[PDB]
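Encoded as structure tokens, the following chain is the form deposited in one PDB entry, with no partner shown.
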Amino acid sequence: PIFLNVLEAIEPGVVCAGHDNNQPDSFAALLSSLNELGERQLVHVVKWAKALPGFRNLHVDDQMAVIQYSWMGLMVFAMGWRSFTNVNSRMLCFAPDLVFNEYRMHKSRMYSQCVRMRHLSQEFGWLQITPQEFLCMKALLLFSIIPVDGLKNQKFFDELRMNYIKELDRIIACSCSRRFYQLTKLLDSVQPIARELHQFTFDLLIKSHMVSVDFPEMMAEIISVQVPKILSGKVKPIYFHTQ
């Protein structure tokens, strides 16, 4: 069980948003706190990804690219699992110091996207996803979004993605076929949610000065440089099933 030992060992711990819960639940304060959480989580996502089995097999340029394409889905999927585990998906647990209730969902101007994130969180309960299945599915999310014109070394990526699909199947083999259908469907469902949030954050970055929303340095870079490749169709999710 080397592979699972590794995924358990490298799993990031708790990250706080730094949100001042004393201030009013305004759009500006909530989204500025979410952006800071994003910057703080990205540090952990990079360190995690670089530690995954096989990741250093990819070209160095491909290593950064897959992180910068996949972070939104990785972070939403992990938040959905934290929300399930902490509060049975009742609220969205972005961080211990930034839990969205109904009011914050409305004030954030993301109510509909939050509804979809809550549905994803609830699937963890409905499907009785185990921690092992969660860890293997989250690793596969890293290898689920790539440029249409290919990566620098596409073959190395294809081999690695194949290996993570095999590991997900092995975890299931510990019926089997039905479970695999369910888990791949759940993985695909993260992508449309990530696309909605990519569009929202891109639009918010462009108008950020007008609405007093702060974007930290790495977030502003990734959202203006890499996110538009996704929104313009140059970088696309790899779906299991026909959409």
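Start at 1 with the first residue shown and count on from there.
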Per the record, the count of deposited residues between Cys174 and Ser175 that have no coordinates is 4 to 9
Stretch exceeding the other in mean C-alpha B-factor - 175-183, 26-34
175-183
Averaging CA B factors per stretch from the PDB record, which one is higher: 209-217 or 62-70?
209-217
Have a look at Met75, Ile145, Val99, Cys136 and flag the one whose Cα has the highest B-factor in the entry.
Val99
Chain thirds of CA B-factor: placement of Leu4:
middle
Name the third of the chain's ranked CA B-factors that contains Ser224, choosing lowest, middle or highest.
lowest
Of the three thirds of the chain ranked by Cα temperature factor, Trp81 occupies the lowest
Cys16: CA B-factor among chain residues, third -> highest
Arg161: CA B-factor among chain residues, third -> lowest
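Not on display, but discussed next: the form solved in complex with a partner chain.
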Contact of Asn35 with its partner chain in the bound PDB entry (heavy atom, 4.5 Å):
no
Verify the contact flag for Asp25: yes if a non-hydrogen atom of it lies within 4.5 Å of a non-hydrogen atom of its partner chain in the bound PDB entry, no if not.
no
Any chance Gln68 has a heavy atom within 4.5 Å of its partner chain in the bound PDB entry?
yes
State yes or no: in the bound PDB entry, is some non-hydrogen atom of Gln63 no more than 4.5 angstroms from a non-hydrogen atom of its partner chain?
yes
In the bound PDB entry, which of 27-35, 207-215, 46-54, 192-200 comes within 4.5 Å of its partner chain (heavy atoms)?
46-54
